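S.K.: Please see the structure below; I have some questions.
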Protein chains: 2
Amino acid sequence: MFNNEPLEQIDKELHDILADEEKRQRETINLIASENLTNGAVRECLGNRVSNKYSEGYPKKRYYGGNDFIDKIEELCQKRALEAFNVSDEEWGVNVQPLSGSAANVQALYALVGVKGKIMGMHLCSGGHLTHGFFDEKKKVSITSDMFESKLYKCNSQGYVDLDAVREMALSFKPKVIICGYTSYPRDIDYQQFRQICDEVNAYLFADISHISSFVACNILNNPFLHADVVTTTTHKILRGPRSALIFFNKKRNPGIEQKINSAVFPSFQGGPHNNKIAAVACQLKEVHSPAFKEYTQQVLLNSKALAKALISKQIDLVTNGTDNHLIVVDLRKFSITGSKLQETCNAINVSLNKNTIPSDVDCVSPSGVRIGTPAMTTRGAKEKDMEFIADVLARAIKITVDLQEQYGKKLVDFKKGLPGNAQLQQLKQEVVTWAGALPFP
Amino acid sequence: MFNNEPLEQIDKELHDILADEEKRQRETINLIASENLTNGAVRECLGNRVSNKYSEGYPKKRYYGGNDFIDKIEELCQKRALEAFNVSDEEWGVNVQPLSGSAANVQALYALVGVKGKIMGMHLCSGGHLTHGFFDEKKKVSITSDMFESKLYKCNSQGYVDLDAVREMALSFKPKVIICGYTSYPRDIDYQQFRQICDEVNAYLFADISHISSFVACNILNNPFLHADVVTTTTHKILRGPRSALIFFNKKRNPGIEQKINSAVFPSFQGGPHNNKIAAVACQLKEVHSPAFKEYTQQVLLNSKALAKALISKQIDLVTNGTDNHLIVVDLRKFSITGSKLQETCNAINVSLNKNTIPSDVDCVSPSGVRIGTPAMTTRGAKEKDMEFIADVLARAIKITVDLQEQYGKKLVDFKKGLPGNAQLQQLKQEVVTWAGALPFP
Ligand SMILES: Nc1nc(=O)c2c([nH]1)NC[C@@H](CNc1ccc(C(=O)N[C@@H](CCC(=O)O)C(=O)O)cc1)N2C=O
Ligand SMILES: Nc1nc(=O)c2c([nH]1)NC[C@@H](CNc1ccc(C(=O)N[C@@H](CCC(=O)O)C(=O)O)cc1)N2C=O
Ligand SMILES: Cc1ncc(COP(=O)(O)O)c(/C=N/[C@H](CO)C(=O)O)c1O
Ligand SMILES: Cc1ncc(COP(=O)(O)O)c(/C=N/[C@H](CO)C(=O)O)c1O
């Protein structure tokens, strides 16, 4: 007693918008540092009937029965997760149920500290995520600043983590968790030196490696698994999985943390897991361990270095003046434009990037930089030589943005008015569309 | 550089388990009250490339650009959501971003009362959900009892919500939200008298209709939109959608709640929305508005009724002595067996049901009932006449459970030893598999 017509027939209205979305993705130079492209195998898992199943609880400890094939999927995924990040299932455990990166962080923080518990994180403006305790003067913006008491450290004016201020604050504030690992941070992290500040005050070390997850798995960047109590990561960014999250916990360093994490996830926060997500993760985590994926990650860095170098060669400033990972933050001050404007200009051009704060910005509205990353374009097959073109396209957009601001003014409202019917943008979009539209596309 | 070979070659290990799970699903009589079976179109949406897109924020108000087609998809989804539940653009808003029912409830409750705020919900053992404020002696089990301050009202010894208890508590405890709408409750709800109680103490009325959502939409049961400030529903149970949830809010009654709810979801709690989920909901919400789906919902009630009557005809007792909805709770006392044991017995025969507490039960562990529900079997095409067979299978299972208890004792670990290689269970399983395996299967 069901309609089994294909999506096209059953709901043409929506099949259209989706088909449109697919073409936009196909014809864009996507520089969103947190985006990637899932392969057909992952998306078979996300669309699998395994999501009909309620599986509240953990494997071999389910509330309901008929969960034996589910138990095996969840177990394969915890296993593939632990080898992916090159840790022994005797020292580390992992929860594979958190529905997103933000849920994992909240859950793990609650587990470690509880309501009213004290936490430290990097400010959003300096590159921290919302779930790292973010708030401003007039609002507890993230639950992590409301159900917890949070304090936010900054980067120094060169755009680096000011470790000494981290300490000036950690001794003053005496938190139970210090978070590092970031949303928009162009450099590798000194986890060892985070591990020493933690000890000095008896706090847990929380590492959120969602942006750099692949670099950790492939031993290209510092391993936080050597110093951290808890490591979280989304599965959908540089990792190239579905939209989901992982919590890892060091049991050798804190036994009985396993129960704390497992129970904070369920039944404290979530109900039944999304089993199609877990299936999709298992699928990608296999791929993560394969040497063809270390190859991919290596290309992400090569492309990122090549892009940074090419951008500097055309006299564009980058925060910290380069990158160790997959992302660059462009400092636009010398051109007297905002990141807000360049985001709009690149939109008109089928280039996805987003505005970013820079250390000298005293506000998230109208910031003076943009964030770019290479994971998505690398997936599409772009090699180091193609970064020249992307750099070319960005500088060209920067100049047009300068031009249009001179013609229409510095007001965001006014500025945007210049964008439609601009001959140069239309010529540039077509270059973009023609190069993008023909790149390998999963 | 990506691997685009089918799931079958890329990861053959996982495809095997998944194909296994599919067969279990097809060869099972699924009486789990909260389960359903999605059609192929819903699952095309879940596996669509639209989940590559980061969309933090709301429609017309995104942080990133390139979000025009995602904006369209979300707006479509809100619209169908307001349509399906027969509410107006101007009286009701909806947020379609929550990832699951448990997230929607936590998010909505926080929006209404904030940290340390007061809530009243139905105790889990009486049929309320974890996120309705659940705790016990030893632990604040759900975040909804630790983030907030909660009190739990019970059903009477007859299995009905004790409105007198509800009013008496609401007056002594002075809460700001009273939740109704339940996880395991076989009767319709008197929202009118909940609305009345909420007024006497200046409290919000919160209705979680996840189990009955289709009855509310189709005008089969009492309409909570007439009285409630907030209605939540999961999209994946009787509604037959993907795993996700909806928060409805009555603006016309609480101006300024649209903002309080919308910002609770993002950026208080969630990050980027899962766009494949939103698309799938859209796809299913269209279907919900069709009168063919009203037909399906009606079959769900008819079957439920017929199953209740058939069970009674074989001298099986039901809590409240019947059902108004899609679900029955069996009271097993007259047979001196637990629901825990019957669950085990039914697992052996490819019948999914779950143990349930009855009013006389003094704890979640080793309860005296089982909950059965009809939406999944209805999806597969079973009619009123087939309920006789289901009822006969359960009666036969109840009897075998009595025998095995007599042969092996009352300890659950002992009991299970009876199950494998029992001539009767193997005969019964084969009857189940023969009849189930051949029913329509989306
Ligand atoms: N480094 C970084 N961290 C993040 O968490 C993050 C990024 N970047 N990039 C996009 C951004 C979007 N998130 C947000 C969310 C809220 C505010 C904020 O300042 N909150 C105000 C809104 C300002 C206003 O409109 O008045 C608020 O009161 O909610 C800023 C960015 N985001 C990923 O999520
Ligand atoms: N009415 C109802 N509400 C629900 O939320 C619900 C059902 N039924 N049926 C299945 C059940 C599974 N949920 C749970 C979760 C936790 C406990 C519980 O008592 N938690 C203790 C365990 C202590 C013990 O076992 O002695 C804990 O400390 O975690 C019970 C049922 N579930 C859907 O979620
Ligand atoms: C370190 C970290 N933790 C958690 C999340 C949030 O994970 P969810 O989106 O909830 O799965 C992110 C993502 N951040 C922004 C997207 O807002 C991005 O990079 O663009 C993150 O960078
Ligand atoms: C009234 C209500 N609200 C929320 C949820 C939680 O929905 P999530 O699992 O978080 O999408 C449920 C579901 N409950 C159990 C399974 O958890 C079930 O019935 O079997 C529910 O009945």
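Note on naming: chains are A, B, ... as they come in the structure tokens, residues start from 1 per chain, ligands start from 1 in the order shown.
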Give me the residues near residue 189 of chain B as a list in words, where near means some atom within 10 Å (using only C-alpha atoms) and where sequence neighbours in that chain fewer than 6 positions away do not count.
M.R.: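 Returned residues: residues 160, 161, 180, 181, 182, 207, 221, 222, 223, 224 and 324 of chain B.
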S.K.: Take the residues from that selection and write them out as a PDB file, in the first residue's frame, keeping N, CA and C atoms.
M.R.:
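Below is the file selection12.pdb, written as the result:
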ATOM      1  N   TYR B 160      -4.498   5.295  31.712  1.00  0.00           N
ATOM      2  CA  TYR B 160      -4.933   6.588  31.127  1.00  0.00           C
ATOM      3  C   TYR B 160      -4.195   7.733  31.790  1.00  0.00           C
ATOM      4  N   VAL B 161      -3.949   8.825  31.057  1.00  0.00           N
ATOM      5  CA  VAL B 161      -3.353  10.033  31.668  1.00  0.00           C
ATOM      6  C   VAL B 161      -4.301  10.549  32.732  1.00  0.00           C
ATOM      7  N   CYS B 180       2.804  16.963  26.197  1.00  0.00           N
ATOM      8  CA  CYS B 180       1.940  15.793  26.047  1.00  0.00           C
ATOM      9  C   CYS B 180       2.128  15.255  24.653  1.00  0.00           C
ATOM     10  N   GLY B 181       1.594  14.056  24.399  1.00  0.00           N
ATOM     11  CA  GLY B 181       1.902  13.336  23.160  1.00  0.00           C
ATOM     12  C   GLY B 181       3.062  12.404  23.481  1.00  0.00           C
ATOM     13  N   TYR B 182       2.926  11.128  23.130  1.00  0.00           N
ATOM     14  CA  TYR B 182       3.689  10.110  23.834  1.00  0.00           C
ATOM     15  C   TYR B 182       4.314   9.062  22.939  1.00  0.00           C
ATOM     16  N   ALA B 207       3.114  19.691  22.384  1.00  0.00           N
ATOM     17  CA  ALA B 207       2.585  18.410  21.960  1.00  0.00           C
ATOM     18  C   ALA B 207       3.538  17.659  21.021  1.00  0.00           C
ATOM     19  N   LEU B 221      -7.753  11.906  14.330  1.00  0.00           N
ATOM     20  CA  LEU B 221      -7.720  12.106  15.784  1.00  0.00           C
ATOM     21  C   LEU B 221      -7.820  13.579  16.219  1.00  0.00           C
ATOM     22  N   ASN B 222      -7.849  13.826  17.527  1.00  0.00           N
ATOM     23  CA  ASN B 222      -7.869  15.191  18.049  1.00  0.00           C
ATOM     24  C   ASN B 222      -6.716  16.015  17.474  1.00  0.00           C
ATOM     25  N   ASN B 223      -7.023  17.256  17.100  1.00  0.00           N
ATOM     26  CA  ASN B 223      -6.052  18.150  16.488  1.00  0.00           C
ATOM     27  C   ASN B 223      -5.390  19.029  17.526  1.00  0.00           C
ATOM     28  N   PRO B 224      -4.093  18.792  17.814  1.00  0.00           N
ATOM     29  CA  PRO B 224      -3.400  19.546  18.859  1.00  0.00           C
ATOM     30  C   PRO B 224      -3.055  20.972  18.439  1.00  0.00           C
ATOM     31  N   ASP B 324      -7.144   3.574  20.437  1.00  0.00           N
ATOM     32  CA  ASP B 324      -7.756   4.590  19.581  1.00  0.00           C
ATOM     33  C   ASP B 324      -6.887   4.839  18.374  1.00  0.00           C
TER      34      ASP B 324
END
S.K.: Can you pull out the residues contacting residue 315 of chain B? Cut-off 10 Å, using only C-alpha atoms, and skip same-chain residues under 5 positions away; I want them as an NGL selection string.
M.R.: :B and (309-310 or 334 or 395)
S.K.: Those residues with C-alpha atoms, as an mmCIF file, in the first residue's frame please?
M.R.:
data_model
loop_
_atom_site.group_PDB
_atom_site.id
_atom_site.type_symbol
_atom_site.label_atom_id
_atom_site.label_comp_id
_atom_site.auth_asym_id
_atom_site.auth_seq_id
_atom_site.Cartn_x
_atom_site.Cartn_y
_atom_site.Cartn_z
ATOM 1 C CA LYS B 309 -10.438 -7.244 18.753
ATOM 2 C CA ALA B 310 -8.733 -10.462 17.548
ATOM 3 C CA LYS B 334 -2.532 -13.584 33.355
ATOM 4 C CA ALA B 395 -1.107 -16.208 20.853
#
S.K.: Counting only C-alpha atoms, which of A:366, A:142, A:172, A:86 gets nearest to chain B?
M.R.: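 Nearest to chain B: A:142.
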S.K.: Show me which residues sit within 9 Å of ligand 4 when counting only C-alpha atoms and all ligand atoms, and put them as a compact mmCIF listing (two decimals) with N, CA, C and O atoms, in the first residue's frame.
M.R.:
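The result, stored in selection.txt:
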# COMPACT_ATOMS: atom_id res chain seq x y z
N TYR A 54 15.05 0.78 13.84
CA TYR A 54 15.34 1.40 15.13
C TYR A 54 16.35 0.58 15.91
O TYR A 54 16.17 -0.60 16.13
N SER A 55 17.42 1.23 16.34
CA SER A 55 18.54 0.54 16.94
C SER A 55 19.04 1.19 18.21
O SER A 55 20.22 1.08 18.55
N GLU A 56 18.16 1.89 18.91
CA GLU A 56 18.56 2.54 20.15
C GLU A 56 19.34 1.63 21.08
O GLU A 56 18.94 0.49 21.37
N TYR A 64 15.78 -3.19 21.38
CA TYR A 64 14.96 -4.06 20.54
C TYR A 64 15.82 -5.16 19.94
O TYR A 64 17.05 -5.06 19.97
N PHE A 269 21.31 12.46 24.88
CA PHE A 269 21.04 13.42 23.78
C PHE A 269 20.24 12.87 22.61
O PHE A 269 19.22 13.45 22.25
N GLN A 270 20.68 11.75 22.05
CA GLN A 270 20.04 11.15 20.88
C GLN A 270 19.09 10.03 21.25
O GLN A 270 19.07 9.54 22.38
N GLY A 271 18.25 9.65 20.28
CA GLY A 271 17.50 8.42 20.34
C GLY A 271 18.13 7.43 19.38
O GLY A 271 19.34 7.19 19.42
N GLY A 272 17.32 6.87 18.49
CA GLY A 272 17.81 5.83 17.59
C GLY A 272 18.88 6.37 16.67
O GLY A 272 18.75 7.50 16.20
N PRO A 273 19.93 5.58 16.40
CA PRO A 273 20.97 6.05 15.48
C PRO A 273 20.43 6.07 14.07
O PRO A 273 19.43 5.42 13.80
N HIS A 274 21.07 6.84 13.20
CA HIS A 274 20.75 6.79 11.78
C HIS A 274 21.68 5.80 11.11
O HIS A 274 22.86 6.08 10.84
N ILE B 32 6.89 -3.32 15.44
CA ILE B 32 7.48 -2.23 16.19
C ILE B 32 6.74 -0.95 15.83
O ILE B 32 6.65 -0.57 14.67
N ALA B 33 6.18 -0.31 16.84
CA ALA B 33 5.14 0.69 16.62
C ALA B 33 5.68 1.94 15.95
O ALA B 33 4.94 2.66 15.30
N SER B 34 6.98 2.16 16.11
CA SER B 34 7.62 3.35 15.58
C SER B 34 8.36 3.12 14.26
O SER B 34 9.08 4.01 13.78
N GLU B 35 8.19 1.95 13.65
CA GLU B 35 8.90 1.69 12.40
C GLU B 35 7.99 1.77 11.19
O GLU B 35 6.77 1.62 11.31
N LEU B 99 17.60 17.27 13.33
CA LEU B 99 18.11 16.06 12.72
C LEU B 99 17.32 14.83 13.15
O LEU B 99 17.23 13.87 12.40
N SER B 100 16.73 14.90 14.34
CA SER B 100 15.94 13.80 14.87
C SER B 100 14.92 14.31 15.88
O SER B 100 14.97 15.47 16.29
N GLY B 101 14.01 13.44 16.30
CA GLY B 101 12.94 13.83 17.20
C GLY B 101 13.44 14.29 18.54
O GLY B 101 12.92 15.24 19.11
N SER B 102 14.47 13.61 19.03
CA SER B 102 15.12 13.93 20.29
C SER B 102 15.83 15.28 20.24
O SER B 102 15.86 15.99 21.23
N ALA B 103 16.42 15.61 19.09
CA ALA B 103 17.03 16.93 18.88
C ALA B 103 15.96 18.05 18.84
O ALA B 103 16.11 19.08 19.48
N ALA B 104 14.87 17.82 18.09
CA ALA B 104 13.78 18.79 18.00
C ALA B 104 13.22 19.12 19.39
O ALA B 104 13.13 20.31 19.77
N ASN B 105 12.91 18.09 20.16
CA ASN B 105 12.45 18.32 21.53
C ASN B 105 13.43 19.09 22.42
O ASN B 105 13.03 20.05 23.08
N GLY B 127 4.68 5.91 29.40
CA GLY B 127 4.55 6.07 27.95
C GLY B 127 5.12 7.34 27.33
O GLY B 127 5.03 7.52 26.11
N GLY B 128 5.68 8.23 28.15
CA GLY B 128 6.39 9.39 27.64
C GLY B 128 7.77 9.03 27.09
O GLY B 128 8.27 7.94 27.35
N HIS B 129 8.36 9.95 26.32
CA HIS B 129 9.67 9.77 25.71
C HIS B 129 10.76 10.26 26.61
O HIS B 129 10.50 11.07 27.53
N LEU B 130 11.98 9.78 26.38
CA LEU B 130 13.17 10.24 27.11
C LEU B 130 13.29 11.76 27.19
O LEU B 130 13.54 12.31 28.26
N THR B 131 13.11 12.43 26.05
CA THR B 131 13.25 13.88 25.99
C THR B 131 12.03 14.62 26.57
O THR B 131 11.85 15.80 26.30
N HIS B 132 11.21 13.95 27.37
CA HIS B 132 10.12 14.63 28.06
C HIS B 132 10.48 14.80 29.51
O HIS B 132 9.60 14.97 30.36
N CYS B 180 2.80 16.96 26.20
CA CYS B 180 1.94 15.79 26.05
C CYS B 180 2.13 15.25 24.65
O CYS B 180 2.74 15.93 23.81
N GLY B 181 1.59 14.06 24.40
CA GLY B 181 1.90 13.34 23.16
C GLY B 181 3.06 12.40 23.48
O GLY B 181 4.06 12.83 24.06
N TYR B 182 2.93 11.13 23.13
CA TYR B 182 3.69 10.11 23.83
C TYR B 182 4.31 9.06 22.94
O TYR B 182 4.08 9.04 21.73
N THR B 183 5.13 8.22 23.56
CA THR B 183 5.87 7.17 22.86
C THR B 183 5.07 5.87 22.87
O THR B 183 5.01 5.16 21.88
N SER B 184 4.45 5.56 24.00
CA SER B 184 3.67 4.35 24.10
C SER B 184 2.37 4.59 24.78
O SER B 184 2.21 4.31 25.95
N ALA B 207 3.11 19.69 22.38
CA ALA B 207 2.59 18.41 21.96
C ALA B 207 3.54 17.66 21.02
O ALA B 207 3.79 18.10 19.90
N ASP B 208 4.04 16.51 21.47
CA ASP B 208 4.91 15.66 20.64
C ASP B 208 4.06 14.57 20.06
O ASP B 208 3.68 13.64 20.77
N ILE B 209 3.75 14.69 18.76
CA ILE B 209 2.82 13.80 18.08
C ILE B 209 3.53 12.84 17.11
O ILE B 209 2.92 12.34 16.16
N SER B 210 4.82 12.60 17.35
CA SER B 210 5.63 11.71 16.53
C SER B 210 4.99 10.34 16.24
O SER B 210 5.14 9.80 15.13
N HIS B 211 4.28 9.78 17.22
CA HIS B 211 3.62 8.48 17.01
C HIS B 211 2.31 8.54 16.30
O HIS B 211 1.89 7.55 15.66
N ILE B 212 1.65 9.69 16.36
CA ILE B 212 0.32 9.78 15.80
C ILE B 212 0.22 10.81 14.65
O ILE B 212 -0.88 11.10 14.12
N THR B 232 5.81 19.20 18.08
CA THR B 232 6.92 18.46 17.40
C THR B 232 6.45 17.12 16.85
O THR B 232 5.52 16.49 17.39
N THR B 233 7.08 16.71 15.76
CA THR B 233 6.91 15.37 15.22
C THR B 233 8.19 14.89 14.53
O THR B 233 8.91 15.68 13.92
N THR B 234 8.46 13.59 14.64
CA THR B 234 9.47 12.95 13.81
C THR B 234 8.82 12.77 12.46
O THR B 234 7.61 12.81 12.36
N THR B 235 9.61 12.56 11.43
CA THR B 235 9.05 12.42 10.09
C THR B 235 9.01 10.94 9.66
O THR B 235 8.44 10.61 8.62
N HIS B 236 9.57 10.05 10.50
CA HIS B 236 9.90 8.67 10.07
C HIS B 236 9.07 7.56 10.65
O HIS B 236 9.34 6.38 10.37
N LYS B 237 8.08 7.89 11.45
CA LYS B 237 7.31 6.80 12.01
C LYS B 237 6.07 6.60 11.15
O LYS B 237 6.18 6.35 9.95
N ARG B 243 14.46 9.85 8.44
CA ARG B 243 14.69 10.10 9.84
C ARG B 243 15.06 11.57 10.02
O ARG B 243 16.14 12.03 9.63
N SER B 244 14.13 12.30 10.61
CA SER B 244 14.27 13.72 10.78
C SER B 244 13.14 14.19 11.66
O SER B 244 12.35 13.36 12.14
N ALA B 245 13.04 15.49 11.88
CA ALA B 245 11.94 15.99 12.67
C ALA B 245 11.51 17.41 12.29
O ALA B 245 12.21 18.11 11.54
N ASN B 354 8.44 -5.00 20.93
CA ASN B 354 9.32 -4.60 22.03
C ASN B 354 8.59 -4.65 23.37
O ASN B 354 7.39 -4.40 23.44
S.K.: Can you list every residue in segment 169-226 of chain A that DSSP puts in strand (DSSP E), as a PyMOL selection string?
M.R.: chain A and resi 177-180+204-208
S.K.: Would you output that residue set with C-alpha atoms, as a PDB file, in the first residue's frame?
M.R.:
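Below is the file again-v5.pdb, written as the result:
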ATOM      1  CA  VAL A 177      38.200  21.063  29.135  1.00  0.00           C
ATOM      2  CA  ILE A 178      40.424  22.996  26.745  1.00  0.00           C
ATOM      3  CA  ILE A 179      39.449  22.706  23.073  1.00  0.00           C
ATOM      4  CA  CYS A 180      41.783  23.073  20.123  1.00  0.00           C
ATOM      5  CA  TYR A 204      40.986  17.337  29.641  1.00  0.00           C
ATOM      6  CA  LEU A 205      42.481  17.974  26.167  1.00  0.00           C
ATOM      7  CA  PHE A 206      39.803  18.243  23.517  1.00  0.00           C
ATOM      8  CA  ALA A 207      40.901  18.097  19.899  1.00  0.00           C
ATOM      9  CA  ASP A 208      38.411  18.831  17.100  1.00  0.00           C
TER      10      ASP A 208
END
S.K.: Would you return as a ChimeraX atom specification the members of segment 59-286 of chain B that DSSP assigns to alpha helix (DSSP H) on this structure's backbone?
M.R.: /B:68-84,101-113,143-146,163-173,191-199,213-217,257-263,275-286
S.K.: Include C-alpha atoms and write out the residues we just selected as a JSON list (two decimals), in the first residue's frame.
M.R.:
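Everything below was put into selection.json:
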[["chain", "number", "residue", "atom", "x", "y", "z"],
["B", 68, "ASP", "CA", 19.59, 29.33, -4.17],
["B", 69, "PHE", "CA", 18.42, 25.83, -5.05],
["B", 70, "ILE", "CA", 18.82, 24.67, -1.40],
["B", 71, "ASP", "CA", 16.76, 27.75, -0.40],
["B", 72, "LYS", "CA", 14.02, 26.60, -2.79],
["B", 73, "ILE", "CA", 14.09, 23.06, -1.40],
["B", 74, "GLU", "CA", 13.79, 24.19, 2.24],
["B", 75, "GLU", "CA", 10.95, 26.62, 1.45],
["B", 76, "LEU", "CA", 9.06, 23.93, -0.43],
["B", 77, "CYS", "CA", 9.52, 21.70, 2.65],
["B", 78, "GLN", "CA", 8.24, 24.27, 5.15],
["B", 79, "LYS", "CA", 5.25, 24.95, 2.89],
["B", 80, "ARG", "CA", 4.20, 21.29, 2.44],
["B", 81, "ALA", "CA", 4.68, 20.94, 6.24],
["B", 82, "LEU", "CA", 2.20, 23.69, 7.00],
["B", 83, "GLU", "CA", -0.17, 22.36, 4.31],
["B", 84, "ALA", "CA", -0.08, 18.70, 5.49],
["B", 101, "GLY", "CA", 12.94, 13.83, 17.20],
["B", 102, "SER", "CA", 15.12, 13.93, 20.29],
["B", 103, "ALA", "CA", 17.03, 16.93, 18.88],
["B", 104, "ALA", "CA", 13.78, 18.79, 18.00],
["B", 105, "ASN", "CA", 12.45, 18.32, 21.53],
["B", 106, "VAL", "CA", 15.69, 19.41, 23.23],
["B", 107, "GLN", "CA", 15.93, 22.40, 20.90],
["B", 108, "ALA", "CA", 12.26, 23.41, 21.29],
["B", 109, "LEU", "CA", 12.30, 23.04, 25.08],
["B", 110, "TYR", "CA", 15.40, 25.17, 25.40],
["B", 111, "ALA", "CA", 13.91, 27.88, 23.19],
["B", 112, "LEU", "CA", 10.89, 28.00, 25.53],
["B", 113, "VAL", "CA", 12.45, 27.79, 29.02],
["B", 143, "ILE", "CA", 19.63, 15.77, 29.11],
["B", 144, "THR", "CA", 16.04, 17.04, 29.40],
["B", 145, "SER", "CA", 16.17, 16.38, 33.15],
["B", 146, "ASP", "CA", 19.67, 17.83, 33.68],
["B", 163, "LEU", "CA", -5.57, 14.75, 34.33],
["B", 164, "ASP", "CA", -6.20, 15.31, 38.08],
["B", 165, "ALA", "CA", -2.63, 14.27, 38.85],
["B", 166, "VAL", "CA", -1.42, 16.53, 36.02],
["B", 167, "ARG", "CA", -3.28, 19.60, 37.42],
["B", 168, "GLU", "CA", -2.29, 18.90, 41.04],
["B", 169, "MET", "CA", 1.39, 18.68, 40.05],
["B", 170, "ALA", "CA", 1.33, 21.64, 37.66],
["B", 171, "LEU", "CA", 0.04, 23.77, 40.59],
["B", 172, "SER", "CA", 2.60, 22.59, 43.16],
["B", 173, "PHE", "CA", 5.54, 22.66, 40.71],
["B", 191, "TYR", "CA", -5.36, 18.55, 24.54],
["B", 192, "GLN", "CA", -8.23, 20.89, 25.41],
["B", 193, "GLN", "CA", -7.86, 19.94, 29.08],
["B", 194, "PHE", "CA", -4.06, 20.24, 28.76],
["B", 195, "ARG", "CA", -4.50, 23.78, 27.33],
["B", 196, "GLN", "CA", -6.83, 24.51, 30.27],
["B", 197, "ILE", "CA", -4.27, 23.30, 32.83],
["B", 198, "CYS", "CA", -1.46, 25.21, 31.14],
["B", 199, "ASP", "CA", -3.42, 28.46, 31.40],
["B", 213, "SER", "CA", 1.41, 12.50, 13.33],
["B", 214, "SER", "CA", -0.53, 10.94, 10.43],
["B", 215, "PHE", "CA", -3.74, 10.85, 12.52],
["B", 216, "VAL", "CA", -3.39, 14.56, 13.22],
["B", 217, "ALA", "CA", -2.77, 15.41, 9.56],
["B", 257, "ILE", "CA", 8.67, 32.64, 19.20],
["B", 258, "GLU", "CA", 9.61, 32.24, 15.54],
["B", 259, "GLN", "CA", 13.00, 33.74, 16.34],
["B", 260, "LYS", "CA", 13.41, 31.96, 19.69],
["B", 261, "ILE", "CA", 12.79, 28.54, 18.01],
["B", 262, "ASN", "CA", 14.76, 29.24, 14.81],
["B", 263, "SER", "CA", 17.89, 30.28, 16.68],
["B", 275, "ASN", "CA", 19.88, 18.79, 2.88],
["B", 276, "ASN", "CA", 19.20, 15.26, 1.71],
["B", 277, "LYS", "CA", 16.98, 14.92, 4.80],
["B", 278, "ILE", "CA", 15.08, 18.13, 4.06],
["B", 279, "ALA", "CA", 14.66, 17.02, 0.42],
["B", 280, "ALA", "CA", 13.31, 13.62, 1.56],
["B", 281, "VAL", "CA", 10.87, 15.24, 3.93],
["B", 282, "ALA", "CA", 9.64, 17.46, 1.06],
["B", 283, "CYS", "CA", 9.14, 14.29, -1.01],
["B", 284, "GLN", "CA", 7.16, 12.60, 1.74],
["B", 285, "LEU", "CA", 5.17, 15.67, 2.77],
["B", 286, "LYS", "CA", 3.68, 15.91, -0.72]]
S.K.: Pick from B:121, B:256, B:369, B:442: nearest to residue 93 of chain B, with only C-alpha atoms counted?
M.R.: B:256
S.K.: Write out as a PDB file with N, CA, C and O atoms, in the first residue's frame which residues come within 7 Å of residue 319 of chain B when counting only C-alpha atoms, dropping same-chain ones fewer than 3 positions away.
M.R.:
ATOM      1  N   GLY B 159      -4.138   2.761  32.963  1.00  0.00           N
ATOM      2  CA  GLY B 159      -3.386   3.119  31.760  1.00  0.00           C
ATOM      3  C   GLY B 159      -3.776   4.397  31.040  1.00  0.00           C
ATOM      4  O   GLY B 159      -3.413   4.574  29.886  1.00  0.00           O
ATOM      5  N   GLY B 322      -8.150  -1.632  24.736  1.00  0.00           N
ATOM      6  CA  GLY B 322      -8.293  -1.333  23.320  1.00  0.00           C
ATOM      7  C   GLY B 322      -7.317  -0.265  22.864  1.00  0.00           C
ATOM      8  O   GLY B 322      -6.389   0.126  23.580  1.00  0.00           O
ATOM      9  N   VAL B 329      -0.961  -2.029  23.598  1.00  0.00           N
ATOM     10  CA  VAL B 329      -0.041  -2.541  24.619  1.00  0.00           C
ATOM     11  C   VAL B 329      -0.708  -3.741  25.264  1.00  0.00           C
ATOM     12  O   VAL B 329      -1.783  -3.611  25.842  1.00  0.00           O
ATOM     13  N   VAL B 330      -0.063  -4.901  25.135  1.00  0.00           N
ATOM     14  CA  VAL B 330      -0.541  -6.143  25.727  1.00  0.00           C
ATOM     15  C   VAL B 330      -0.102  -6.253  27.187  1.00  0.00           C
ATOM     16  O   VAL B 330       1.061  -6.029  27.520  1.00  0.00           O
ATOM     17  N   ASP B 331      -1.062  -6.582  28.049  1.00  0.00           N
ATOM     18  CA  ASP B 331      -0.834  -6.840  29.468  1.00  0.00           C
ATOM     19  C   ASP B 331      -0.695  -8.362  29.674  1.00  0.00           C
ATOM     20  O   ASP B 331      -1.671  -9.124  29.523  1.00  0.00           O
TER      21      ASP B 331
END
S.K.: Fewer than 3 positions away in the same chain doesn't count, so skip those; otherwise give me all residues within 10 Å of residue 298 of chain B, counting only C-alpha atoms, as an MDAnalysis selection string.
M.R.: chainID B and resid 214:215 218 220 292:295 301:304 325:326 378
S.K.: I'd like to know which of B:251, B:138, B:53, B:12 is closest to ligand 3, using only C-alpha atoms and all ligand atoms.
M.R.: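 Using only C-alpha atoms and all ligand atoms, the shortest distance to ligand 3 belongs to B:53.
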